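In structure tokens, one chain follows: the form deposited in one PDB entry.
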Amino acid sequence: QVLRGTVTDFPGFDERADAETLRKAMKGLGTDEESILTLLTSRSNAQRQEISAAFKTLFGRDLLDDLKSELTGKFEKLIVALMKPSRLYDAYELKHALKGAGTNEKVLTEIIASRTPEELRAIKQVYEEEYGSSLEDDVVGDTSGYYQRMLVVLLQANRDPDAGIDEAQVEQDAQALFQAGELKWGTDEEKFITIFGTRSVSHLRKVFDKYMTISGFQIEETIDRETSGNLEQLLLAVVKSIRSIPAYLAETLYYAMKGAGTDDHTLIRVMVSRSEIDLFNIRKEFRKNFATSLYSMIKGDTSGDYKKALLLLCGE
């Protein structure tokens, strides 16, 4: 999914001095938001958890409850997201798209399609431990049809391991996709799901090329031509992630920031979930496509402390 994040372990880290630094920034009338945003933004997540622990043993206070009572809005929502242990952030985001009453499919899609099987295994485990219920049971209860089925397949976190290309198998899957969509009166979604959901990543990159070659269409155009609604978005997320997780996340960031507004929720989530994985690589793919740094888009799209914090996450 990887290569590099923007946030790194600060050197000569002292969670006791940091905890006092944060106590100071909140103690009394007012909040020193800048001292908060600068400290939390230059501490890796593991270090934020140590701070939180030091704070509680120093003052008998919950750091998270204090930040929430001192901060407000998006900047708040961003600090809260940043304090969330890495291990639980995606489970949280997933939990939260499944509740409140109405289901947020863009969040299921985004996360399930862009995380690896190894990340999904981890995610399934912590969601169960944290919410009791099974991620899988919760998706299915809130979704239906091929969209639900495609998510269930991905949730198995059982994609074939990369392994030297079987050209006969590449031609057969490309031909199968050709026959299931373009040559078919209607569509065979089941075939798309099986191939997208279980073939190895190196194998599907090859299938996508062979598919183009055979049909004169990119698989994304076919998806657009043959599917609609939630399934379409997902199939496109999966294909884009196969091709490049970074590129898909960069793209996700972009469309978050271009409307007559800003998707703060989305914006936070990708910047925070990927800061210690591949935000760096998302940076370069943002520039590469869209032509513009993420810094400026963000810089031009956001205000305040929020803006400062975001840019602090992003860099260069």
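Definition used throughout: the rigid core is the maximal C-alpha set that superposes within 1.5 Å between two forms. Counting begins at 1, following the sequence as shown.
Absent from the display: the form deposited in another entry. The rest refers to it.
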- After rigid core alignment between the shown form and the other one, the listed option with CA shift of 2 Å or more out of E136, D188, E76, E128 is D188
- Message: For a quick test of reading the superposition: does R225 move by 2 Å or more at the CA between the shown form and the other one, rigid core aligned?
- Response: yes
- Query: Quick one: once the rigid core is lined up, does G100 have its C-alpha move by 2 Å or more between the shown form and the other one?
  - Reply: yes
- Task: Examine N158 after superposing the rigid core and state whether its CA is displaced by 2 Å or more between the shown form and the other one.
- Result: no
- Query: Are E226 and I193 closer or farther apart at their Cα atoms in the other form than shown, with the shift being 3 Å or more?
  - Reply: farther
- Task: Quick one: in the other form, is the Cα gap between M257 and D224 smaller or bigger than here? Answer closer or farther; it shifts by 3 Å or more.
- Result: closer
